[PDB]
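Examining the three-dimensional arrangement
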6 protein chains.
Amino acid sequence: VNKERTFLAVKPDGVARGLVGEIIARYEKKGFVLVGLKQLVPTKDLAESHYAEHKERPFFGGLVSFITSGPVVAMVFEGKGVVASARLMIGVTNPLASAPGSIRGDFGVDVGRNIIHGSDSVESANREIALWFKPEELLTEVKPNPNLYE
Amino acid sequence: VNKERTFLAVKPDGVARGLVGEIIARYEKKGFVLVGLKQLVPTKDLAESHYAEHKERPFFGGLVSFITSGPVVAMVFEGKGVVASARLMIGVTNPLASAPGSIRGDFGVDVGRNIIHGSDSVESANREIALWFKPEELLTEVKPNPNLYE
Amino acid sequence: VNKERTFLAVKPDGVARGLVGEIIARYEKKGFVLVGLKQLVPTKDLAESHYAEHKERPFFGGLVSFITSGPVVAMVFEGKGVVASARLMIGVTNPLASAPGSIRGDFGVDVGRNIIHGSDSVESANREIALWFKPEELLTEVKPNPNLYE
Amino acid sequence: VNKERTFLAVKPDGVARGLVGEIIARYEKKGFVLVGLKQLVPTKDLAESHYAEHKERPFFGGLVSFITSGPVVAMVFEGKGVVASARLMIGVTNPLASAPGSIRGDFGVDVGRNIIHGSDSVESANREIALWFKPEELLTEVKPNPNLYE
Amino acid sequence: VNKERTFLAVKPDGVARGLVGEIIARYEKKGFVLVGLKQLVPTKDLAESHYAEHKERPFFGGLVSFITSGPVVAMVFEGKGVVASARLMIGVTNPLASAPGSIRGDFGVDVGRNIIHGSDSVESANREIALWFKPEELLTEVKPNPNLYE
Amino acid sequence: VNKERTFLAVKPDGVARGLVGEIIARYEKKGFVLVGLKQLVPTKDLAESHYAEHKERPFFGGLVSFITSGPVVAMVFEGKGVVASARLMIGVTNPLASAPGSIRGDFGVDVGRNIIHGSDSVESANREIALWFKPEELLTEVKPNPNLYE
Ligand SMILES: Nc1ncnc2c1ncn2[C@@H]1O[C@H](COP(=O)(O)OP(=O)(O)O)[C@@H](O)[C@H]1O
Ligand SMILES: Nc1ncnc2c1ncn2[C@@H]1O[C@H](COP(=O)(O)OP(=O)(O)O)[C@@H](O)[C@H]1O
Ligand SMILES: Nc1ncnc2c1ncn2[C@@H]1O[C@H](COP(=O)(O)OP(=O)(O)O)[C@@H](O)[C@H]1O
Ligand SMILES: Nc1ncnc2c1ncn2[C@@H]1O[C@H](COP(=O)(O)OP(=O)(O)O)[C@@H](O)[C@H]1O
Ligand SMILES: Nc1ncnc2c1ncn2[C@@H]1O[C@H](COP(=O)(O)OP(=O)(O)O)[C@@H](O)[C@H]1O
Ligand SMILES: Nc1ncnc2c1ncn2[C@@H]1O[C@H](COP(=O)(O)OP(=O)(O)O)[C@@H](O)[C@H]1O
Ligand SMILES: [Mg+2]
Ligand SMILES: [Mg+2]
Ligand SMILES: [Mg+2]
Ligand SMILES: [Mg+2]
Ligand SMILES: [Mg+2]
Ligand SMILES: [Mg+2]
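Residues numbered from 1 in each chain as written, not as in the entry; some residues may be left out. Chains lettered and ligands numbered in written order. Heavy atoms only, no water.

Looking at the method and resolution fields of the entry, one finds X-ray crystallography and 2.0 Å.

1. So, the overall build of chain A
The number of helices and strands found in chain A is 7 helices and 4 strands. If you list the helices and strands of chain A from N to C, you get β-α-α-β-α-α-β-α-α-β-α. Its C-alpha radius of gyration of 15 Å places chain A within 12% of the 15 Å reference for a compact globule of 150 residues. Viewed in the frame of its principal axes, chain A has a C-alpha envelope of about 45 × 35 × 25 Å. Burial status across chain A gives 61% buried among its 150 residues. Long-range contacts, defined here as pairs at least 24 residues apart, represent 78% of the contacts in chain A between residues at least 6 apart. Within the structure as shown, chain A displays about 5,900 Å² of accessible surface, and the carbon and sulfur contribution to it stands at 54%. (Helix = DSSP H or I, 4+ residues; strand = E, 2+ residues; numbered from the N terminus. Rg over C-alpha atoms; globule rule 2.2 N^0.38 Å. Buried < 20%, exposed > 50% of the residue type's maximum accessible area, 1.4 Å probe, protein only. Contact = heavy atoms within 4.5 Å. Areas by Shrake-Rupley, 256 points an atom, 1.4 Å probe, with all protein chains shown as cover.)

2. Quick word on the site of ligand 4
Residues and elements named next belong to chain D. Taken together, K11, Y51, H54, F59, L63, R87, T93, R104, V111 and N114 form the complete shell of residues around ligand 4. A distance of 3.0 Å is found between an oxygen atom of ligand 4 and a side-chain nitrogen or oxygen belonging to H54. Between ligand 4 and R104 there is a distance of 3.0 Å, counted from an oxygen atom to a side-chain nitrogen or oxygen. For ligand 4, the protein covers 73% of the area, taking 530 Å² as the surface of the free molecule. Among the residues making up the shell around ligand 4, the classes are represented as 4 nonpolar, 3 polar and 3 charged. (Near = heavy atom within 4 Å. Polar contact = N/O pair within 3.5 Å; in protein donor to acceptor, adjacent residues only side chain to side chain. Nonpolar A, V, L, I, M, F, W, Y, C, P; charged D, E, K, R; others polar.)

3. Side note on the arrangement of the chains
You won't find any contact between chain A and chain E; their C-alpha atoms come no closer than 9 Å. Left apart from each other, chain C and chain F have a closest C-alpha approach of 9 Å.

4. Some words on the UniProt feature "active site" in chain A
Residue and element names in this part refer to chain A. Per the UniProt annotation, the sites labelled "active site" are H117. By secondary structure assignment, the location of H117 is in strand β4 (residues 116-118). Apart from the residues within four sequence positions on either side, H117 is in contact with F7, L8, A9, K11, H50, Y51, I90, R104 and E128. (UniProt positions renumbered as here; feature names shortened; annotations may be inferred.)

Here it is, written out as structure tokens:
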């Protein structure tokens, strides 16, 4: 159904490079509806619980360090199959392997400076949305373009 | 040679969403030549003949109903391998499964609101071109940029 | 009411340079609705009545021969103040003097190869629309984006 | 100095039309730095104090009514001469009179559905920023592209 | 005729900000032909000769220092009225006062970091072209799209 | 270290169709740094050594005559994995089989008119770079966007 939601965040590098609008426009053009949006500098606690699944990984320290080094634009998009779709639009972990047309493929060059984060499953999205957004910062009733769904 | 032709149609959703020029420009930039172009509100007979191969499918009634609910911009492009190349540019039937960079991948979310129709083979193109366009509405003399072909 | 219409034509040079889609997209983004659209090769009779006010001018002969020299995509847009607005978007007669952001300013360099034509008044528009299009070729039910008008 | 700030808001119509990213990208490309961003549905009280200077005007009721009818993306951009510059980039009150290249000129057609609001002076900006944003939602230390300022 | 030429240079800020292709594409779309193109780090002698008319101005020292701090992409375009048309596309000296749609208007904020240099007259163009380009680095045979000129 | 370089050349058809800027912009957005750039008309000697691995092929004769038939803009980009990445961005040899989003996929239709050349390995790149550019024509101090690399 047309009510699935995913969490996306323009990372510090994406924000410093002036890519916020370009990224949001891709999702709007696709037809997803913005239900949550804000800019904040992540707190070390937010970053660690956000990337909690990687806590025992070698790159964890630098990641948390990086994500907390500058502003991040956090957003939640709503639509049919938005979690898997937003991932397809993002590309793969290494931007060098990401196909042109995707966000990482078009703008990235390094795994550690890969512009944007996207939830990889509905469980993660629900978990991540709850982590970054309060219920009052999310639109309750969404009304998409009527020409989008049958 | 480079005289192959295909029939493409911006469906009512694509027209209402203001995507006609975006779609046309994609094919012009590729190097394909426009030999026919018109806007019309398809009739139920045209809709049913156009999609005759799906007349037994559960979605036919709704397809035909949607294709006739509003204006469509019908067009025919010419150039080498245009039938298969235009399909590649369109994406796949389900927009969510279409790669970023393709038309359906970039703009659609629902199978039923997938923006554009493109002939799936040369035999289909000939059938669909004859169905939507009268002979005199098609350019007889075509001239593609001279830097496109060897 | 905001049902004003203007006639626009992408001239043979505009069509040859692959600017049809780009031009249509500018009017679609603006919010105007396409109510008639077709590609054809103008007849001398048509070109001569179209540019009737210019017969005593030295460029008339060249003008007519050029407009009848290849495909032209003809269209009629509808919307509040479309006539004057589409003119502002086109630029001025000399493309070199047209401001960057207008169609002629962005794409043209010569007065005789100035990409597009637009009616200059509602009187000229009604007259030109009836010249290029038969009544049944124009949409009767116009449904513009509901976010466009108050 | 490079520390002036202005308040911009993508109005409900701009948000429903999928223009948020396109608008933010124009300001990022210009070099202004985003210091505040959020989406919210305005409260009738916020709207009235925001447009307080028009309280005795005929259109006031519909404006407040409209601004409160759907989500608005509120933002504050920082840079040298950003208040007057953002206005120039926005266009004039009536989008029909706005030049192509500006936001209203490119996307608008009606005075009441003019896509975006921008502070008209530094006094208004300071007043409006304070109205929509809490001090903790604004970046304190801004670091622009070093290639932007001498 | 259409053999007029102008010298344009993407300054070090424009190069560092990744605006070279955007700038070149603007002139290619207009219909101007590239007859010379190179990237070089200007020498202090070149910088001072190029900007000789400003040698008494308080900002000369800093101008020359900036123009030599990094790579510049020097280029020459040919076409009818290219000198004045390219200036119009560039904007005015102060980017904040440049109209949206022009290069400086769209991308710059500081007079000292205004992205691009364009010759201000034919006499200046001839001087600057001879100063930055050796004869053999310029195309002798130029061929503009045949749909550009009457 | 991430100082890998690749040689790219916009072929005469790419230059004639006005795609130089568009092509450069794709590599600039990606984060790669232009370290050499020039426009020239290739000499038969140069074209023949460039495409040396193809002398026994039936298309070699046509290939060489074409590359020496008009201006070519030559360039060298530097960045992490630039060689393989620029190839992914180019597409494949047959433009019709290149995926939408790649340069050849977006703009080409014929194998012999495929817009751009890119080195296929670091070995070929070092070899091609030394063929088209003298050492002093290439930047020595490379300062990429600091947000690009870890
Ligand atoms: N081996 C690695 N080296 C450096 N940083 C890494 C590595 N793999 C993961 N990262 C970083 O960690 C973030 C979370 O990683 P992961 O969840 O595996 O990928 P994705 O972000 O694509 O979901 C990635 O976006 C990336 O910035
Ligand atoms: N299972 C489905 N549910 C609803 N509509 C469908 C479905 N499959 C196809 N359609 C609609 O039928 C149109 C025709 O289908 P088909 O010819 O299979 O695909 P394509 O349009 O990609 O050639 C589709 O483009 C879509 O609008
Ligand atoms: N001095 C001229 N020389 C050549 N062609 C001209 C001249 N003046 C006008 N034209 C051509 O005649 C067309 C119609 O003229 P006019 O109605 O004056 O301009 P517009 O097209 O801006 O309304 C022009 O668009 C241009 O193609
Ligand atoms: N006469 C009018 N008719 C309808 N609504 C109006 C009128 N003038 C002002 N408005 C609306 O009120 C908002 C605030 O108006 P104003 O401050 O005058 O213009 P601006 O928004 O350009 O600063 C405008 O953006 C517009 O939506
Ligand atoms: N008052 C100023 N302060 C600092 N730099 C200036 C000033 N005026 C001009 N400049 C710098 O000098 C360059 C040359 O100036 P000028 O020839 O007057 O303008 P333009 O570059 O628009 O032709 C400008 O483009 C800008 O970089
Ligand atoms: N079958 C062919 N017919 C015509 N031209 C060809 C053919 N194969 C290759 N070419 C031309 O030769 C150029 C160099 O060939 P190759 O190295 O195989 O491809 P690529 O350019 O993708 O690396 C091609 O880019 C294309 O211009
Ligand atoms: Mg992950
Ligand atoms: Mg089908
Ligand atoms: Mg006229
Ligand atoms: Mg106001
Ligand atoms: Mg000057
Ligand atoms: Mg090769």
